[PDB]
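Peer 1: Below is the structure I would like to discuss, written out as structure tokens.
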Amino acid sequence: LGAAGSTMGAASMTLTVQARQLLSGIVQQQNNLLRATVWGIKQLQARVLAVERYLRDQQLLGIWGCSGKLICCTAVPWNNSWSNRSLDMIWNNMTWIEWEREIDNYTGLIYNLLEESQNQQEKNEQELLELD
Amino acid sequence: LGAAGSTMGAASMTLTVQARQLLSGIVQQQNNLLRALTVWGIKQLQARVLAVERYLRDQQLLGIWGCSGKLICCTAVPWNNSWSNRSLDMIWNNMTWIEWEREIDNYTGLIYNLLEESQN
Amino acid sequence: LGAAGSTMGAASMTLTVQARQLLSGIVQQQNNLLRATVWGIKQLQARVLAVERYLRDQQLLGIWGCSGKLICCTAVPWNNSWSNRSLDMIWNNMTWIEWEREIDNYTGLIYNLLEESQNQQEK
Amino acid sequence: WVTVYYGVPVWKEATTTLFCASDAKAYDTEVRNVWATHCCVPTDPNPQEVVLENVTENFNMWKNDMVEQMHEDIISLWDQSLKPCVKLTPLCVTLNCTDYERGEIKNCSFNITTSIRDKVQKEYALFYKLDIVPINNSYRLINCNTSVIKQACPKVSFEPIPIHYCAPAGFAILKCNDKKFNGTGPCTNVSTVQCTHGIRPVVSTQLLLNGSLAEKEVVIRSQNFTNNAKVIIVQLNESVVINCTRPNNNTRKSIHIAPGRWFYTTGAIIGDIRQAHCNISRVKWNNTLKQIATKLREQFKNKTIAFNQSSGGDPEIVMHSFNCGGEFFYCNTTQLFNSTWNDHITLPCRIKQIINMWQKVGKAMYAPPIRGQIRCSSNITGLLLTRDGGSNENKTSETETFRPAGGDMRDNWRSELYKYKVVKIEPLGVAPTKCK
Amino acid sequence: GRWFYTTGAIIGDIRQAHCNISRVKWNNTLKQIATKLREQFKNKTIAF
Amino acid sequence: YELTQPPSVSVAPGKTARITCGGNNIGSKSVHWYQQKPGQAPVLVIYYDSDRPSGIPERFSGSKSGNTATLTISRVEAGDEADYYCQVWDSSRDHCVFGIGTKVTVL
Amino acid sequence: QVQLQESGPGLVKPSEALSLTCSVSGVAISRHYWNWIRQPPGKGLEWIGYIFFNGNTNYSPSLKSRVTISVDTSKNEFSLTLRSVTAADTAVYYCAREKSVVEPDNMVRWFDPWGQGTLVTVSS
Ligand SMILES: *[C@@H]1O[C@H](CO)[C@@H](O[C@@H]2O[C@H](CO)[C@@H](O[C@@H]3O[C@H](CO[C@H]4O[C@H](CO[C@H]5O[C@H](CO)[C@@H](O)[C@H](O)[C@@H]5O)[C@@H](O)[C@H](O[C@H]5O[C@H](CO)[C@@H](O)[C@H](O)[C@@H]5O)[C@@H]4O)[C@@H](O)[C@H](O[C@H]4O[C@H](CO)[C@@H](O)[C@H](O)[C@@H]4O)[C@@H]3O)[C@H](O)[C@H]2NC(C)=O)[C@H](O)[C@H]1NC(C)=O
Ligand SMILES: *[C@@H]1O[C@H](CO)[C@@H](O[C@@H]2O[C@H](CO)[C@@H](O[C@@H]3O[C@H](CO[C@H]4O[C@H](CO[C@H]5O[C@H](CO)[C@@H](O)[C@H](O)[C@@H]5O)[C@@H](O)[C@H](O[C@H]5O[C@H](CO)[C@@H](O)[C@H](O)[C@@H]5O)[C@@H]4O)[C@@H](O)[C@H](O[C@H]4O[C@H](CO)[C@@H](O)[C@H](O)[C@@H]4O)[C@@H]3O)[C@H](O)[C@H]2NC(C)=O)[C@H](O)[C@H]1NC(C)=O
Ligand SMILES: *[C@@H]1O[C@H](CO)[C@@H](O[C@@H]2O[C@H](CO)[C@@H](O)[C@H](O)[C@H]2NC(C)=O)[C@H](O)[C@H]1NC(C)=O
Ligand SMILES: *[C@@H]1O[C@H](CO)[C@@H](O)[C@H](O)[C@H]1NC(C)=O
Ligand SMILES: *[C@@H]1O[C@H](CO)[C@@H](O)[C@H](O)[C@H]1NC(C)=O
Ligand SMILES: *[C@@H]1O[C@H](CO)[C@@H](O)[C@H](O)[C@H]1NC(C)=O
Ligand SMILES: *[C@@H]1O[C@H](CO)[C@@H](O)[C@H](O)[C@H]1NC(C)=O
Ligand SMILES: *[C@@H]1O[C@H](CO)[C@@H](O)[C@H](O)[C@H]1NC(C)=O
Ligand SMILES: *[C@@H]1O[C@H](CO)[C@@H](O)[C@H](O)[C@H]1NC(C)=O
Ligand SMILES: *[C@@H]1O[C@H](CO)[C@@H](O)[C@H](O)[C@H]1NC(C)=O
Ligand SMILES: *[C@@H]1O[C@H](CO)[C@@H](O)[C@H](O)[C@H]1NC(C)=O
């Protein structure tokens, strides 16, 4: 399932294979277990929520160009005002949970920049390249 | 769903944003988190199921066209001026884009399959 | 959507065209919009499950590294313990129905092996 | 440079809907089980927990949403279960009662609201006095002035089979396995589980009747000890066995009350009438209190501990209400608490059939009698105590009193959910890197 | 279980219910009518 | 995977030393550097491709280009004598690769 | 931040297994990857292998037929065993704490605090 007491660097060394277990868990296995208005409508609502959450994450990876990717690098630079720490403190002293909390306040900014650049400015550039 | 430039956003300026595509499949999650009585409950659940179904249908169509990974997708289909035409400057500088619906819904309505079936 | 009794080779030839119809949507275009208290709850259950099936197939293929494709060549070797038949006979004597039944008890294993071998691709 | 990662092991506190997973099979068909099997998920074969090395989390027994969800499923199911059963409204008429401790059991002459022919017919039934209002010798049933009283259906069994609560995918339950956790604050030794252990949905007040035990010693937990108005939940590390009986051989009769429906009551008593007593060993009870008082004194340093008596004018709060075979025993606990500590036991009980369960209004369940005699037993595993308050003596008299009182069933559920928290998984995150 | 809630007695004298409005001059409504008066049977005296 | 590195280089005191390595796709894979004093465990001098960790003098800096990589030490001191190593991680094998170590002498 | 402490048998015979243990007095074993590095006298550095407490382990190909690594998080220590250790395996065996940054296809790792190493002599 995971660890998360580990630092970002260590935890992520296995992201390639830890991911695709968490992903799998969202859709597979539980739905075989469940093949059986108290425990009626509630289960239907739970199924709907799981689907909605799943699609949200896939849509964002898609909008940011990380289609089928677990790790993806894009053209947006890091703004040093956010977590103005050395690269090592971020990757080797802090854990993923601590990290997400520190930059929770910049999530909207990061996501907006990712959308403006990746697959947006980038695709207008591709339409121009394909004109010939 | 800011829709800045929904009318006369040149047409080409609308395309520098395309930021309203992250609402129909996402804001519903936020609405459900805020909520977290069948008289209202069934209808609201039906609305949620439909919003998902509509989202997926558009994704399936983009998949068939070979456009699922793109926000902007150029396909190998010539535009047919017998349906509708004007100069490209008018098209790209003055957005409405409704004049095309009767004809396009049949032209591209069919081509999405023809194109992929005969692509190579 | 016939040729069910045809051999695997014959049925998979041009699998893509047959597949586009099967995959035009589970419900094609929302039951081609033709269809657009207990009766209601039973139908919501049916619709939700159709959505889950669609997504599960896409997710599993994505995990295996097969996306935007119908036919994918993977990193898992065939184990003769699953089946030890000539490549030619399974493809030109057997049908897909017969084949799927023949190796039905190895489905969980093969799928699990594919997830592990396909996930271990650096990424 | 911004790098986006998917599958990042980060979670946030969350509230969601949990699934009911039953314990193996109790799929009886003569009488269906209600708390278990009814619309429940098959057991997920024992998965293992995952310990998260060095992950510490903040757990809180109070304001724990899992307690609230258990509460809502219990109340909702209780009502859904009773809903499709016969109304006893036609029985809300004047009774003429003659009796047969004295008038413990009332022998009442009844005028039937006619069920079929719309012409008068008469019958009789025995009742316990606790269900009757002495409103010239005119008697009425107690809850007819509030709402519809419904008879529980004979095909439904309210047997408290343990239920496992399971997270929907994308969610997880964290469990606190730290030693002597007192229900609040940070916990180490945190693991992630798929489902909770089974919790037996026992409904009781003034005494816990079944459940888990403290690991090494009696553990006393409260939201705040200083505030006397908080409930102190005491979990024992040793089980004390309680034996309850109703040694009265009852003959059941069925009275027609509506087309398609019958009312069940007691027609006659065979042999002499006896009290429905409960028995607790003297030795185990005193040793249990000694241990509680010792730990309680550590919390309330240098004072003598008294437990005194339960108090209030409402039997639902004052007495425990042990559910034995489906009948409800309201028991006198004075003999268990009226003592102090400074360095068998028989309890009389009464039987009541019309109950506004959960101490609510607008409804009541009628428990039909059980044929013959009954016996049951259970493991107490814990007490609910409150503090008496302050005084003008400024505690120079010590004698701090911890009364045997509860009155809110969410505490029973809370006592076994203190170990669990619900979180949601958020797989996306970003970090600075040095690439494209 | 069915209780009817009704009125017992009136204490003190009995009096008619009423609503108060005071010296409202809604002449600006009439002027909007005047604007649309030309459509509503041409220019006419306005009565309520 | 293997790294290419010269056995030695000598420099005059006060001069800048150019200690180098190379190999395939060195541009794609980050190359970090270590300094080993005789009898001591190696100490990281450059992390990632050019980042100097605390405790390492400002005279130490690095750069990556093409199929080669360089450790630059300005104003060399007698105390800089050491064996300097390059290291890369081959992600396709988990093959941790060290260079031979250039013996650097300050005259 | 992290001080590592080596231990070992010193001299071992040419057919015996070598078992070395390093403790960590800095940080928890579960926070970082741990690595073993070999240095024969007169030679440069050779990587042996890495381990993380969750079972993610790997080795340098040159030693794969003879090597295993394990950790014990309850004593906050880790160890290396090399089987059939011969004269050619005389070396200083070092322990180091591994740090990293994760990039899409070029993962970077560093050995930043090092122990001082223990010399293992292999002879008759
Ligand atoms: C409330 O009701 C309960 C019953 O519902 C009643 O329970 C009894 O409580 C007393 C203590 O107060 C228990 O006393 C102990 O008995 C131990 C011996 O019994 C063990 O072995 C039984 C079977 O083998 C023996 O007996 C058979 C005859 O039946 C004989 O042929 C064999 O050769 C052999 O001698 C076994 O049944 C029993 O219980 C287990 O199995 C039953 C199966 O039906 C199951 O229902 C039980 O839950 C349980 O799993 C048990 O395993 C004895 O060893 C023990 O000694 C210790 O304590 C004394 C204290 O003085 C020390 O001196 C001594 O050194 C030891 O430390 C002790 O004497 C009794 O067993 C209970 N009986 C039952 C049936 O559960 C409560 O008392 C009632 N309470 C009140 C307040 O009313
Ligand atoms: C239906 O019932 C309502 C009552 O429920 C009744 O309402 C009154 O209507 C009259 C007529 O329009 C109002 O009279 C006007 O008051 C203007 C001044 O308003 C300010 O001062 C008020 C009084 O101040 C005293 O009390 C305060 C208490 O806190 C104290 O500090 C002051 O020092 C002083 O002693 C004050 O009540 C009022 O408060 C407003 O906000 C509260 C918020 O809770 C709200 O409850 C109040 O209702 C009110 O909105 C405010 O601070 C005054 O300037 C004005 O005179 C000019 O205009 C008239 C226009 O005709 C000219 O002729 C005149 O020459 C001036 O140019 C006038 O005197 C009165 O204030 C209303 N409210 C009350 C409580 O009496 C309706 O009339 C009834 N209708 C019918 C059809 O019956
Ligand atoms: C509650 O009481 C029951 C007895 O009715 C206990 O059940 C027995 O427990 C022992 C272990 O101590 C088992 O060997 C027996 O097989 C069990 N018997 C039955 C009928 O289940 C039960 O353990 C008690 N619960 C607690 C928490 O003490
Ligand atoms: C767990 O983490 C805390 C973080 O402050 C640390 O103090 C503690 O020593 C760690 N426990 C172990 C033994 O890893
Ligand atoms: C109850 O009272 C009736 C008379 O009203 C009598 O006939 C009947 O026998 C009594 N029931 C019992 C159990 O004594
Ligand atoms: C009950 O009956 C007795 C005996 O006839 C009578 O004295 C008493 O007043 C009656 N009850 C009431 C409420 O009047
Ligand atoms: C940590 O939790 C595991 C699982 O509950 C347990 O086996 C282990 O003994 C615990 N260690 C402690 C109490 O620190
Ligand atoms: C419960 O704790 C007390 C602490 O004084 C101990 O003496 C007793 O033996 C424990 N009970 C059990 C069943 O272990
Ligand atoms: C529970 O223990 C913690 C320390 O671990 C303490 O801060 C908290 O106040 C205690 N709870 C109560 C009700 O006193
Ligand atoms: C318990 O019995 C005593 C007997 O003296 C009595 O005074 C007390 O009121 C009874 N308690 C309850 C709850 O009935
Ligand atoms: C309980 O309180 C009463 C006063 O209300 C007192 O008379 C009695 O002795 C007390 N019981 C104990 C055990 O202290």
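By order of appearance in the structure tokens: chains A, B, ..., then residues from 1 within every chain, and ligands from 1 in the order shown.
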What's the 9 Å shell around stretch 126-136 of chain D, counting only C-alpha atoms, without same-chain residues fewer than 5 positions away, as a tab-separated table (two decimals) with C-alpha atoms, in the first residue's frame?
Peer 2:
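Once written, part_4.tsv looks like this:
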chain	number	residue	atom	x	y	z
D	99	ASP	CA	-53.74	-8.55	37.88
D	100	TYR	CA	-52.13	-12.11	37.40
D	103	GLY	CA	-49.31	-6.47	40.44
D	104	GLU	CA	-46.08	-6.92	38.46
D	105	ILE	CA	-48.07	-8.57	35.70
D	106	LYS	CA	-51.36	-7.04	34.77
D	107	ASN	CA	-54.33	-9.25	33.65
D	108	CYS	CA	-56.35	-6.87	31.43
D	141	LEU	CA	-50.59	1.76	26.93
D	142	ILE	CA	-47.79	4.25	27.52
D	143	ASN	CA	-46.69	5.29	24.07
D	265	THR	CA	-49.07	-11.51	23.57
D	266	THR	CA	-48.81	-13.69	26.63
D	267	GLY	CA	-51.88	-15.73	27.39
D	268	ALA	CA	-50.90	-17.48	30.55
D	350	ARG	CA	-38.15	-5.89	35.32
D	351	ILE	CA	-39.40	-6.66	31.86
D	352	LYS	CA	-40.72	-4.00	29.53
D	353	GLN	CA	-42.21	-4.62	26.07
D	354	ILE	CA	-42.96	-1.19	24.52
D	355	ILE	CA	-39.79	0.68	23.87
Peer 1: Please determine the contact residues of chain F with respect to chain D at a cut-off of 12 Å, counting only C-alpha atoms, and supply them as an mmCIF file with N, CA, C and O atoms, in the first residue's frame.
Peer 2:
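Final output, selection.cif:
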data_model
loop_
_atom_site.group_PDB
_atom_site.id
_atom_site.type_symbol
_atom_site.label_atom_id
_atom_site.label_comp_id
_atom_site.auth_asym_id
_atom_site.auth_seq_id
_atom_site.Cartn_x
_atom_site.Cartn_y
_atom_site.Cartn_z
ATOM 1 N N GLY F 27 25.450 13.713 -21.280
ATOM 2 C CA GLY F 27 24.486 14.825 -21.186
ATOM 3 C C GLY F 27 23.166 14.387 -20.590
ATOM 4 O O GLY F 27 22.637 15.120 -19.749
ATOM 5 N N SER F 28 22.665 13.225 -20.999
ATOM 6 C CA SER F 28 21.398 12.686 -20.445
ATOM 7 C C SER F 28 21.507 12.368 -18.956
ATOM 8 O O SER F 28 20.581 12.749 -18.231
ATOM 9 N N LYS F 29 22.620 11.791 -18.501
ATOM 10 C CA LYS F 29 22.675 11.301 -17.100
ATOM 11 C C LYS F 29 23.534 12.202 -16.225
ATOM 12 O O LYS F 29 24.679 12.427 -16.583
ATOM 13 N N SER F 30 23.012 12.625 -15.080
ATOM 14 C CA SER F 30 23.751 13.562 -14.202
ATOM 15 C C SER F 30 25.028 12.911 -13.676
ATOM 16 O O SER F 30 24.968 11.728 -13.316
ATOM 17 N N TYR F 48 24.423 16.257 -7.909
ATOM 18 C CA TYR F 48 23.711 16.504 -9.132
ATOM 19 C C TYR F 48 24.879 16.832 -10.072
ATOM 20 O O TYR F 48 25.927 16.212 -9.921
ATOM 21 N N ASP F 49 24.762 17.816 -10.962
ATOM 22 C CA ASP F 49 25.830 18.030 -11.972
ATOM 23 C C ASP F 49 26.799 19.116 -11.559
ATOM 24 O O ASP F 49 27.947 19.055 -12.012
ATOM 25 N N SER F 50 26.363 20.058 -10.739
ATOM 26 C CA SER F 50 27.203 21.194 -10.401
ATOM 27 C C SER F 50 26.933 21.820 -9.042
ATOM 28 O O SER F 50 27.409 22.926 -8.772
ATOM 29 N N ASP F 51 26.156 21.171 -8.189
ATOM 30 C CA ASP F 51 25.807 21.790 -6.931
ATOM 31 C C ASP F 51 26.759 21.476 -5.794
ATOM 32 O O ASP F 51 27.059 20.329 -5.485
#
Peer 1: Compile the contact shell of residue F:7 as a PyMOL selection string: residues with an atom at most 8 Å away, counting only C-alpha atoms, same-chain residues fewer than 3 positions apart removed.
Peer 2: chain F and resi 100-103
Peer 1: All residues within 7 Å of ligand 11 are required, counting only C-alpha atoms and all ligand atoms; please report them as a PyMOL selection string.
Peer 2: chain D and resi 306-309+338-340
Peer 1: Find the residues around residue D:166 up to 9 Å (only C-alpha atoms counted), leave out those fewer than 4 positions away in its own chain, and share them as an mmCIF file with C-alpha atoms, in the first residue's frame.
Peer 2:
data_model
loop_
_atom_site.group_PDB
_atom_site.id
_atom_site.type_symbol
_atom_site.label_atom_id
_atom_site.label_comp_id
_atom_site.auth_asym_id
_atom_site.auth_seq_id
_atom_site.Cartn_x
_atom_site.Cartn_y
_atom_site.Cartn_z
ATOM 1 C CA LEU D 18 -18.352 2.888 4.549
ATOM 2 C CA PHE D 19 -19.440 -0.569 3.398
ATOM 3 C CA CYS D 20 -21.046 -3.261 5.664
ATOM 4 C CA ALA D 21 -19.077 -6.466 5.543
ATOM 5 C CA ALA D 172 -8.207 4.006 3.761
ATOM 6 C CA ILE D 173 -8.573 3.510 7.455
ATOM 7 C CA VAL D 193 -6.090 -1.341 7.143
ATOM 8 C CA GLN D 194 -8.701 -2.195 4.589
ATOM 9 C CA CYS D 195 -11.565 -2.704 7.140
ATOM 10 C CA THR D 196 -12.014 -2.450 10.893
#
Peer 1: Taking only C-alpha atoms and all ligand atoms into account, list the residues no farther than 12 Å from ligand 9, as a ChimeraX atom specification.
Peer 2: /D:58-62,178-188,219-228,230-233,298-300
Peer 1: Please identify every residue of chain A that has at least one atom no more than 12 Å from any atom of chain F, counting only C-alpha atoms, and report them as a VMD selection string.
Peer 2: chain A and resid 13 86 to 89
Peer 1: Please give me, as a list in words, the residues lying within 9 Å of ligand 1 when counting only C-alpha atoms and all ligand atoms.
Peer 2: residues 240, 241, 242, 243, 244, 278, 279, 280, 281, 282, 284, 344, 345, 346, 376, 377 and 378 of chain D
Peer 1: Distance table requested - chain G against chain D, cut-off 12 Å, only C-alpha atoms: one row per qualifying residue with the closest atom pair and its distance in Å to one decimal, ordered by chain and rising residue number, as CSV.
Peer 2:
residue,atom,partner,partner_atom,distance
G:27,CA,D:54,CA,10.7
G:28,CA,D:54,CA,8.0
G:29,CA,D:53,CA,9.2
G:30,CA,D:53,CA,6.3
G:31,CA,D:54,CA,8.3
G:32,CA,D:53,CA,11.7
G:52,CA,D:53,CA,11.9
G:53,CA,D:53,CA,9.2
G:54,CA,D:53,CA,9.6
G:72,CA,D:53,CA,12.0
G:73,CA,D:53,CA,8.7
G:74,CA,D:53,CA,10.3
G:76,CA,D:53,CA,11.6
G:100,CA,D:433,CA,10.8
G:101,CA,D:433,CA,7.2
G:102,CA,D:433,CA,7.5
G:103,CA,D:433,CA,6.9
G:104,CA,D:435,CA,8.5
G:105,CA,D:435,CA,9.9
G:106,CA,D:435,CA,9.4
G:107,CA,D:433,CA,10.8
G:108,CA,D:434,CA,10.4
Peer 1: If we count only C-alpha atoms, which residues of chain G reach to within 12 Å of chain F? Please list them as a ChimeraX atom specification.
Peer 2: /G:4,35-39,41-51,56-64,92-119
Peer 1: As a ChimeraX atom specification, could you give me every residue of chain D near chain A (at most 9 Å apart, counting only C-alpha atoms)?
Peer 2: /D:1-11,16-20,38-44,50-56,73,76-77,80,168-171,192,427-433,435-436
Peer 1: Write down as a PyMOL selection string the residues of stretch 255-306 of chain D whose backbone DSSP state falls under strand (DSSP E).
Peer 2: chain D and resi 255-258+261-270+278-280+305-306
Peer 1: Return the neighbours of chain E among the residues of chain D, cut-off 8 Å, counting only C-alpha atoms, as JSON, numbers by chain.
Peer 2: {"D": [144, 145, 146, 147, 148]}
Peer 1: Once you have the residues from the selection above, write them out as a PDB file, in the first residue's frame, restricted to N, CA, C and O atoms.
Peer 2:
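Output saved as out13.pdb:
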ATOM      1  N   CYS D 144     -49.096   5.398  23.362  1.00  0.00           N
ATOM      2  CA  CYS D 144     -50.237   5.700  22.474  1.00  0.00           C
ATOM      3  C   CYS D 144     -50.485   7.209  22.417  1.00  0.00           C
ATOM      4  O   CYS D 144     -51.132   7.729  21.508  1.00  0.00           O
ATOM      5  N   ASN D 145     -49.918   7.923  23.372  1.00  0.00           N
ATOM      6  CA  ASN D 145     -50.057   9.358  23.459  1.00  0.00           C
ATOM      7  C   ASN D 145     -48.915  10.052  22.734  1.00  0.00           C
ATOM      8  O   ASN D 145     -48.816  11.278  22.764  1.00  0.00           O
ATOM      9  N   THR D 146     -48.040   9.273  22.096  1.00  0.00           N
ATOM     10  CA  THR D 146     -46.907   9.830  21.376  1.00  0.00           C
ATOM     11  C   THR D 146     -46.971   9.494  19.901  1.00  0.00           C
ATOM     12  O   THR D 146     -46.916  10.394  19.062  1.00  0.00           O
ATOM     13  N   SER D 147     -47.015   8.202  19.573  1.00  0.00           N
ATOM     14  CA  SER D 147     -47.002   7.818  18.165  1.00  0.00           C
ATOM     15  C   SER D 147     -47.499   6.404  17.924  1.00  0.00           C
ATOM     16  O   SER D 147     -48.152   5.793  18.766  1.00  0.00           O
ATOM     17  N   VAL D 148     -47.190   5.885  16.753  1.00  0.00           N
ATOM     18  CA  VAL D 148     -47.573   4.552  16.374  1.00  0.00           C
ATOM     19  C   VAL D 148     -46.609   3.541  16.954  1.00  0.00           C
ATOM     20  O   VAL D 148     -45.402   3.628  16.742  1.00  0.00           O
TER      21      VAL D 148
END
